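Have a look at start_8.txt; it's compact mmCIF, C-alpha atoms and all ligand atoms:
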# COMPACT_ATOMS: atom_id res chain seq x y z
CA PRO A 1 69.96 126.50 158.22
CA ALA A 2 71.99 123.28 157.84
CA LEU A 3 70.48 120.11 159.31
CA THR A 4 71.61 119.20 162.82
CA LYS A 5 73.17 115.77 163.45
CA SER A 6 70.04 114.84 165.47
CA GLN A 7 67.80 115.85 162.58
CA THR A 8 70.02 113.90 160.18
CA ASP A 9 69.77 110.82 162.40
CA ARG A 10 65.96 111.20 162.36
CA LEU A 11 65.79 111.37 158.56
CA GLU A 12 68.14 108.37 158.24
CA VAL A 13 65.71 106.31 160.33
CA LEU A 14 63.13 107.11 157.65
CA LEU A 15 65.42 106.76 154.65
CA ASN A 16 65.19 103.58 152.57
CA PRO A 17 67.98 102.71 150.17
CA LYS A 18 67.10 103.81 146.61
CA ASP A 19 65.02 106.79 147.79
CA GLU A 20 67.40 108.75 145.51
CA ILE A 21 67.09 111.74 147.88
CA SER A 22 69.79 114.13 149.16
CA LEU A 23 69.75 115.81 152.58
CA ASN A 24 72.02 118.69 151.41
CA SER A 25 69.38 120.36 149.20
CA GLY A 26 68.26 123.49 151.11
CA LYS A 27 64.79 122.17 152.06
CA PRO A 28 63.81 122.50 155.75
CA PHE A 29 63.94 119.50 158.09
CA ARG A 30 60.16 119.55 158.70
CA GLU A 31 59.53 119.21 154.96
CA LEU A 32 62.13 116.47 154.35
CA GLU A 33 60.67 114.64 157.36
CA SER A 34 57.10 114.98 156.07
CA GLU A 35 58.07 113.67 152.63
CA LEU A 36 59.80 110.58 154.11
CA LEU A 37 56.98 109.83 156.55
CA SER A 38 54.66 109.94 153.59
CA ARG A 39 56.71 107.44 151.56
CA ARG A 40 57.23 105.08 154.51
CA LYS A 41 53.52 105.02 155.32
CA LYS A 42 52.84 104.25 151.67
CA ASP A 43 55.43 101.40 151.81
CA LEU A 44 53.57 99.80 154.77
CA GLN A 45 50.20 100.29 153.11
CA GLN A 46 51.47 98.51 149.98
CA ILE A 47 52.78 95.52 152.03
CA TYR A 48 49.48 95.37 153.91
CA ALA A 49 47.38 95.53 150.73
CA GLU A 50 49.47 93.02 148.75
CA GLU A 51 51.88 90.51 150.26
CA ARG A 52 51.58 90.85 154.07
CA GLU A 53 54.69 88.64 154.70
CA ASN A 54 57.46 89.45 157.15
CA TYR A 55 60.91 89.29 155.53
CA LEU A 56 62.45 87.13 158.28
CA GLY A 57 59.55 84.65 158.25
CA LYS A 58 59.50 84.57 154.47
CA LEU A 59 63.30 84.07 154.18
CA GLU A 60 63.00 81.17 156.66
CA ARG A 61 60.29 79.62 154.47
CA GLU A 62 62.34 80.05 151.29
CA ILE A 63 65.49 78.57 152.91
CA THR A 64 63.44 75.70 154.36
CA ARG A 65 62.06 74.81 150.90
CA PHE A 66 65.58 74.90 149.40
CA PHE A 67 67.01 72.40 151.92
CA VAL A 68 63.98 70.14 152.04
CA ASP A 69 64.06 69.87 148.25
CA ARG A 70 67.76 68.96 148.35
CA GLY A 71 67.25 66.00 150.76
CA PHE A 72 67.79 67.64 154.21
CA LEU A 73 65.50 66.85 157.15
CA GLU A 74 63.95 69.94 158.88
CA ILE A 75 64.72 70.04 162.61
CA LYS A 76 63.03 72.17 165.29
CA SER A 77 65.01 71.69 168.54
CA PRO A 78 64.94 73.52 171.88
CA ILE A 79 66.06 77.14 172.06
CA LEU A 80 66.51 76.94 175.83
CA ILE A 81 69.32 74.38 176.32
CA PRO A 82 71.42 72.92 179.18
CA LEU A 83 74.45 74.96 180.12
CA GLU A 84 76.38 71.66 180.13
CA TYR A 85 76.06 71.73 176.29
CA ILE A 86 78.16 74.90 176.14
CA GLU A 87 81.06 73.36 178.08
CA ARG A 88 80.80 70.23 175.97
CA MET A 89 81.20 72.48 172.90
CA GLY A 90 84.62 73.28 174.36
CA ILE A 91 83.60 76.76 175.56
CA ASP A 92 85.31 77.23 178.95
CA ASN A 93 84.51 79.92 181.58
CA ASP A 94 87.72 81.74 180.46
CA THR A 95 86.51 82.03 176.80
CA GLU A 96 85.14 85.31 175.38
CA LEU A 97 82.16 83.40 173.97
CA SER A 98 81.46 82.25 177.57
CA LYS A 99 80.87 85.87 178.59
CA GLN A 100 78.43 86.14 175.68
CA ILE A 101 76.00 83.44 176.96
CA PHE A 102 72.55 84.43 178.28
CA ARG A 103 72.07 82.15 181.33
CA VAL A 104 68.51 81.45 182.39
CA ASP A 105 68.55 79.36 185.54
CA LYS A 106 71.33 77.59 187.35
CA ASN A 107 71.27 74.98 184.61
CA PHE A 108 70.02 76.42 181.32
CA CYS A 109 70.85 79.08 178.73
CA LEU A 110 69.63 80.57 175.45
CA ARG A 111 71.46 78.67 172.69
CA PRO A 112 74.25 80.77 171.11
CA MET A 113 74.56 78.31 168.20
CA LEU A 114 72.71 75.32 166.69
CA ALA A 115 75.61 72.83 166.81
CA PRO A 116 74.99 71.00 170.11
CA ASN A 117 71.38 70.08 169.24
CA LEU A 118 72.39 69.11 165.68
CA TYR A 119 75.20 66.93 167.03
CA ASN A 120 72.64 65.08 169.17
CA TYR A 121 70.28 64.66 166.20
CA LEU A 122 73.13 63.33 164.00
CA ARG A 123 74.08 60.67 166.57
CA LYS A 124 70.46 59.64 167.15
CA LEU A 125 69.33 59.58 163.53
CA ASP A 126 72.37 57.52 162.55
CA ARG A 127 70.55 54.59 164.17
CA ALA A 128 67.49 55.00 161.89
CA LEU A 129 68.32 56.73 158.61
CA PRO A 130 70.36 55.61 155.59
CA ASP A 131 73.74 57.12 154.76
CA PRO A 132 74.25 60.02 154.25
CA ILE A 133 72.38 61.81 157.00
CA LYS A 134 71.34 65.32 155.94
CA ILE A 135 69.61 67.71 158.38
CA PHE A 136 69.14 71.46 158.95
CA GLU A 137 67.64 73.86 161.44
CA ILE A 138 66.62 77.50 161.26
CA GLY A 139 65.89 79.37 164.42
CA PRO A 140 66.67 81.92 167.12
CA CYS A 141 70.15 82.09 168.73
CA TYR A 142 71.46 84.53 171.35
CA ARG A 143 74.79 86.15 172.21
CA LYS A 144 75.59 89.23 174.35
CA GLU A 145 77.32 91.58 171.88
CA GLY A 146 77.56 96.75 166.25
CA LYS A 147 76.22 97.47 162.74
CA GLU A 148 76.81 93.71 162.00
CA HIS A 149 75.92 91.99 165.37
CA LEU A 150 72.60 91.44 167.11
CA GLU A 151 71.98 89.98 170.46
CA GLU A 152 68.96 88.11 169.11
CA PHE A 153 69.47 86.60 165.68
CA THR A 154 68.34 83.69 163.48
CA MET A 155 70.67 81.02 162.22
CA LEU A 156 70.47 78.49 159.47
CA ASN A 157 72.77 75.50 160.06
CA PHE A 158 72.85 72.57 157.73
CA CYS A 159 74.91 69.43 157.87
CA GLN A 160 75.65 66.09 156.23
CA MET A 161 77.26 63.06 157.85
CA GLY A 162 78.64 59.82 156.28
CA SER A 163 79.35 59.64 152.53
CA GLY A 164 79.94 62.66 150.28
CA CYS A 165 81.32 64.87 153.05
CA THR A 166 83.92 66.68 150.97
CA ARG A 167 85.05 70.26 150.71
CA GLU A 168 83.89 70.24 147.06
CA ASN A 169 80.35 69.18 148.08
CA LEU A 170 80.21 71.74 150.90
CA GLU A 171 81.27 74.56 148.55
CA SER A 172 78.72 73.44 145.96
CA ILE A 173 75.80 73.52 148.40
CA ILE A 174 76.92 76.96 149.57
CA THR A 175 77.23 78.15 145.95
CA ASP A 176 73.81 76.82 144.85
CA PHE A 177 72.16 78.26 147.99
CA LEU A 178 73.49 81.80 147.63
CA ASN A 179 73.01 81.94 143.84
CA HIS A 180 69.43 80.80 144.56
CA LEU A 181 68.95 83.70 147.04
CA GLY A 182 70.69 86.18 144.73
CA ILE A 183 73.52 87.03 147.17
CA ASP A 184 77.06 87.79 145.97
CA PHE A 185 79.84 86.01 147.84
CA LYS A 186 83.30 84.52 147.91
CA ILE A 187 84.63 81.53 149.81
CA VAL A 188 87.97 82.06 151.58
CA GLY A 189 89.75 79.14 153.29
CA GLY A 190 89.46 69.52 158.88
CA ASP A 191 89.07 72.85 157.06
CA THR A 192 87.29 76.05 158.08
CA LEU A 193 85.96 78.29 155.35
CA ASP A 194 84.46 81.72 155.56
CA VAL A 195 81.77 82.84 153.14
CA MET A 196 82.22 86.57 152.75
CA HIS A 197 80.25 89.41 151.24
CA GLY A 198 82.96 92.10 151.02
CA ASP A 199 84.00 92.54 154.65
CA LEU A 200 80.82 90.98 156.02
CA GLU A 201 80.91 87.33 157.15
CA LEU A 202 77.81 85.49 155.94
CA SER A 203 78.90 82.06 157.18
CA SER A 204 81.55 79.93 158.81
CA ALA A 205 81.65 76.42 157.34
CA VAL A 206 83.46 73.27 158.46
CA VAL A 207 84.76 70.09 156.86
CA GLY A 208 84.91 67.46 159.61
CA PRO A 209 85.83 65.31 161.26
CA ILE A 210 87.24 67.41 164.11
CA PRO A 211 88.38 66.28 167.62
CA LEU A 212 85.22 67.77 169.25
CA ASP A 213 83.08 65.13 167.47
CA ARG A 214 83.99 62.41 169.98
CA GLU A 215 82.45 64.39 172.87
CA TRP A 216 79.14 64.12 171.01
CA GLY A 217 79.44 60.42 170.15
CA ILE A 218 80.10 61.25 166.49
CA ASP A 219 82.78 59.27 164.61
CA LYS A 220 81.94 59.78 160.90
CA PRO A 221 82.96 62.34 158.26
CA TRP A 222 80.73 65.40 158.09
CA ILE A 223 80.32 68.86 156.52
CA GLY A 224 78.27 71.84 157.66
CA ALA A 225 77.74 75.58 157.70
CA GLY A 226 75.89 78.28 159.66
CA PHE A 227 74.36 81.41 158.07
CA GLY A 228 72.81 84.40 159.92
CA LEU A 229 69.44 85.18 158.30
CA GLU A 230 69.53 88.87 159.32
CA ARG A 231 72.90 89.20 157.58
CA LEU A 232 71.47 87.66 154.43
CA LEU A 233 68.53 90.14 154.54
CA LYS A 234 70.89 93.03 155.18
CA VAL A 235 72.83 92.26 152.01
CA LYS A 236 69.79 91.35 149.95
CA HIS A 237 67.85 94.53 150.81
CA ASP A 238 70.93 96.75 151.10
CA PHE A 239 70.11 97.82 154.66
CA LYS A 240 72.82 100.10 156.13
CA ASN A 241 72.13 98.74 159.62
CA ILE A 242 71.46 95.12 160.52
CA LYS A 243 68.86 96.23 163.12
CA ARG A 244 66.56 96.77 160.09
CA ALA A 245 66.57 93.02 159.45
CA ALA A 246 65.99 91.91 163.07
CA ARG A 247 63.00 90.83 165.11
CA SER A 248 61.99 94.28 166.21
CA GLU A 249 59.32 96.70 167.32
CA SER A 250 61.13 99.65 165.58
CA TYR A 251 61.40 98.21 162.07
CA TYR A 252 59.06 96.11 159.89
CA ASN A 253 60.63 94.73 156.70
CA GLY A 254 63.27 97.46 157.08
CA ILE A 255 60.67 100.24 157.41
CA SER A 256 60.56 102.40 160.51
CA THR A 257 57.47 101.75 162.62
CA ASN A 258 57.96 105.13 164.39
CA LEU A 259 55.85 107.20 162.01
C1 LIG A 301 77.09 69.57 164.27
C2 LIG A 301 77.74 70.67 163.48
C3 LIG A 301 77.00 71.35 162.60
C4 LIG A 301 77.50 72.48 161.77
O1 LIG A 301 76.67 73.09 161.08
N1 LIG A 301 78.80 72.85 161.86
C5 LIG A 301 79.38 74.01 161.19
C6 LIG A 301 78.60 75.27 161.49
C7 LIG A 301 79.44 76.54 161.44
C8 LIG A 301 79.66 77.13 162.83
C9 LIG A 301 78.71 78.30 163.11
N2 LIG A 301 77.33 77.87 163.00
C10 LIG A 301 79.00 78.85 164.49
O2 LIG A 301 79.50 78.11 165.35
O3 LIG A 301 78.73 80.25 164.79
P1 LIG A 301 79.55 81.51 164.15
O4 LIG A 301 79.89 82.44 165.26
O5 LIG A 301 80.61 80.96 163.25
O6 LIG A 301 78.52 82.26 163.22
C11 LIG A 301 78.03 81.70 162.02
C12 LIG A 301 77.21 82.77 161.31
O7 LIG A 301 76.10 83.19 162.11
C13 LIG A 301 75.84 84.58 161.93
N3 LIG A 301 76.00 85.31 163.23
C14 LIG A 301 76.79 84.94 164.26
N4 LIG A 301 76.70 85.80 165.32
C15 LIG A 301 75.81 86.73 164.97
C16 LIG A 301 75.24 87.95 165.63
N5 LIG A 301 75.61 88.30 166.87
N6 LIG A 301 74.34 88.64 164.91
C17 LIG A 301 73.96 88.30 163.66
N7 LIG A 301 74.43 87.23 163.01
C18 LIG A 301 75.34 86.41 163.60
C19 LIG A 301 76.81 85.03 160.86
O8 LIG A 301 76.21 84.93 159.57
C20 LIG A 301 77.96 84.05 161.03
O9 LIG A 301 78.77 83.92 159.87
MG MG A 302 82.42 82.94 162.66

Would you mind writing the file's structure down as structure tokens?
Amino acid sequence: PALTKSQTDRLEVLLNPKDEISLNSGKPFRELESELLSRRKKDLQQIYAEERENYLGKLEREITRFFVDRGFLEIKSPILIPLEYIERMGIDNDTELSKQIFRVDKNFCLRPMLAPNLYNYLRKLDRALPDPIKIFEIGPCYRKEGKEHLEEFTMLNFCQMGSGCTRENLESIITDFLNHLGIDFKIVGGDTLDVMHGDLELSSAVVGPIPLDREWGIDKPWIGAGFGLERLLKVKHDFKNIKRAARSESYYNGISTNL
């Protein structure tokens, strides 16, 4: 008896990349299932006995160390933000991204991006800190939305404002960062550059200034980029589905919790 599509879906939940196992081998479902459950339980037991770190938390800590060591100030800003910030980002009620916003009250929303809060920090810190101003944030962002898109994800955004805000310097920070993480990439590109892993977008990056700056009281050169942490994990651990890298009750470090 061939496996049913339902059975195949069930085994794929339990399959980790590099199991080196085939599902067209003439072994019954119940036995293939039992083998995989066994391995996945062992994977959790090993994490529990040895490291005990969540991949998303650990990646955040590794990224944080990278940027702190390179001169960037760690920011932790509100996740719940004024709706007015979305309009001031130039996102009108007719825009597709406007339909993607999770509204909370009359006046607030879950941030879909880190830029508005970072804009405010750039303007404020420019009164206190020497040139250039270098900051970053890592945290939750939200968009109503795929095997590449989550509704609840985690962004890194870094930026620099003042001197040294060139395309060359932006590409160099991106290059050092991803070679540090061990992630293969290419950069394709007032500029806008995309950092790609094959067909998967890891980042959009920007060389300012841009006209939007003035709405935020910013009038200096700047560079920046945003990376999705779940996308980075997906590539690093070779997950077939990005849900394996997300905040979840169904997966822990890419291992099914439904055992
Ligand atoms: C003061 C300015 C600061 C500054 O830093 N400016 C330049 C920042 C670049 C602008 C940039 N930060 C931006 O505007 O969101 P975008 O939709 O482009 O997404 C950026 C990345 O987030 C990830 N990502 C986005 N949506 C996702 C989803 N639904 N699921 C998973 N990952 C996702 C993915 O890795 C994507 O490439
Ligand atoms: Mg983009």

Within 8 Å of stretch 144-159 of chain A using only C-alpha atoms, minus same-chain residues under 6 positions, as an mmCIF file with C-alpha atoms, in the coordinates of the input:
data_model
loop_
_atom_site.group_PDB
_atom_site.id
_atom_site.type_symbol
_atom_site.label_atom_id
_atom_site.label_comp_id
_atom_site.auth_asym_id
_atom_site.auth_seq_id
_atom_site.Cartn_x
_atom_site.Cartn_y
_atom_site.Cartn_z
ATOM 1 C CA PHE A 72 67.790 67.640 154.210
ATOM 2 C CA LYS A 99 80.870 85.870 178.590
ATOM 3 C CA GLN A 100 78.430 86.140 175.680
ATOM 4 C CA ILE A 101 76.000 83.440 176.960
ATOM 5 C CA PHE A 102 72.550 84.430 178.280
ATOM 6 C CA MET A 113 74.560 78.310 168.200
ATOM 7 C CA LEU A 114 72.710 75.320 166.690
ATOM 8 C CA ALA A 115 75.610 72.830 166.810
ATOM 9 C CA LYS A 134 71.340 65.320 155.940
ATOM 10 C CA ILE A 135 69.610 67.710 158.380
ATOM 11 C CA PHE A 136 69.140 71.460 158.950
ATOM 12 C CA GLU A 137 67.640 73.860 161.440
ATOM 13 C CA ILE A 138 66.620 77.500 161.260
ATOM 14 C CA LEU A 200 80.820 90.980 156.020
ATOM 15 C CA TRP A 222 80.730 65.400 158.090
ATOM 16 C CA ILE A 223 80.320 68.860 156.520
ATOM 17 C CA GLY A 224 78.270 71.840 157.660
ATOM 18 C CA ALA A 225 77.740 75.580 157.700
ATOM 19 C CA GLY A 226 75.890 78.280 159.660
ATOM 20 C CA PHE A 227 74.360 81.410 158.070
ATOM 21 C CA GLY A 228 72.810 84.400 159.920
ATOM 22 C CA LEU A 229 69.440 85.180 158.300
ATOM 23 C CA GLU A 230 69.530 88.870 159.320
ATOM 24 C CA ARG A 231 72.900 89.200 157.580
ATOM 25 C CA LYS A 240 72.820 100.100 156.130
ATOM 26 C CA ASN A 241 72.130 98.740 159.620
ATOM 27 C CA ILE A 242 71.460 95.120 160.520
ATOM 28 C CA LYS A 243 68.860 96.230 163.120
ATOM 29 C CA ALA A 246 65.990 91.910 163.070
ATOM 30 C CA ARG A 247 63.000 90.830 165.110
#

**Request:** Find the residues around residue A:7 up to 12 Å (only C-alpha atoms counted), leave out those fewer than 3 positions away in its own chain, and share them as JSON, numbers by chain.
**Result:** {"A": [1, 2, 3, 4, 10, 11, 12, 13, 14, 23, 28, 29, 30, 31, 32, 33]}

Please give me, as a CSV table (one decimal) with C-alpha atoms, in the coordinates of the input, the residues lying within 10 Å of ligand MG 302 (chain A) when counting only C-alpha atoms and all ligand atoms.
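Result saved to pocket-v3.csv:
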chain,number,residue,atom,x,y,z
A,192,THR,CA,87.3,76.0,158.1
A,193,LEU,CA,86.0,78.3,155.4
A,194,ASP,CA,84.5,81.7,155.6
A,195,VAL,CA,81.8,82.8,153.1
A,201,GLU,CA,80.9,87.3,157.2
A,202,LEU,CA,77.8,85.5,155.9
A,203,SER,CA,78.9,82.1,157.2
A,204,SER,CA,81.6,79.9,158.8
A,205,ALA,CA,81.6,76.4,157.3
A,226,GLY,CA,75.9,78.3,159.7
A,227,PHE,CA,74.4,81.4,158.1

**Message:** Ranking A:211, A:182, A:57, A:116 by minimum distance to ligand LIG 301 (chain A) and counting only C-alpha atoms and all ligand atoms, which one comes first?
**Reply:**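 Closest to ligand LIG 301 (chain A), using only C-alpha atoms and all ligand atoms: A:116.
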
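When all atoms listed in the file are used to measure the gap to residue A:126, the shortest distance among A:161, A:40, A:252, A:90 belongs to A:161.
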
**Asked** Rounded to one decimal in Å, what is the spacing between atom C9 of ligand LIG 301 (chain A) and atom CA of residue A:128?
**Response** 25.9 Å

Kindly provide, as lines of an AutoDock Vina configuration file, the centre and edge lengths (Å, one decimal) of an axis-aligned box around all atoms of stretch 187-206 of chain A given in the file, with 5 Å on each side.
center_x = 83.8
center_y = 81.0
center_z = 154.3
size_x = 21.9
size_y = 33.0
size_z = 19.1

**Request:** Rounded to one decimal place, report the atom CA of residue A:120-atom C7 of ligand LIG 301 (chain A) distance in Å.
**Result:**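 Separation of atom CA of residue A:120 and atom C7 of ligand LIG 301 (chain A): 15.4 Å.
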
**Message:** What's the separation between atom CA of residue A:189 and atom CA of residue A:142, in Å to one decimal place?
**Reply:**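 Separation of atom CA of residue A:189 and atom CA of residue A:142: 26.3 Å.
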
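Across A:122, A:259, A:183, A:245, the tightest approach to residue A:219 is made by A:122 when counting only C-alpha atoms.
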
**Residue neighbourhood stretch 42-51 of chain A, 9 Å, all atoms listed in the file, exclusion window fewer than 2 positions, as a VMD selection string** = chain A and resid 37 to 40 53 to 54 252 to 253 255 257

**Request:** Give as an NGL selection string the set of residues within 7 Å of the point (70.9, 79.9, 174.6), where distances use the file's coordinates and only C-alpha atoms.
**Result:** :A and (79-81 or 101-102 or 109-112 or 141-142)

**Asked** Pick from A:174, A:118, A:212, A:104: nearest to ligand LIG 301 (chain A), with only C-alpha atoms and all ligand atoms counted?
**Response**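 Nearest to ligand LIG 301 (chain A): A:118.
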
**Request:** Give the answer as one residue: which of A:188, A:206, A:68, A:233 has the shortest atom-to-atom distance to ligand LIG 301 (chain A), using all atoms listed in the file?
**Result:** A:206
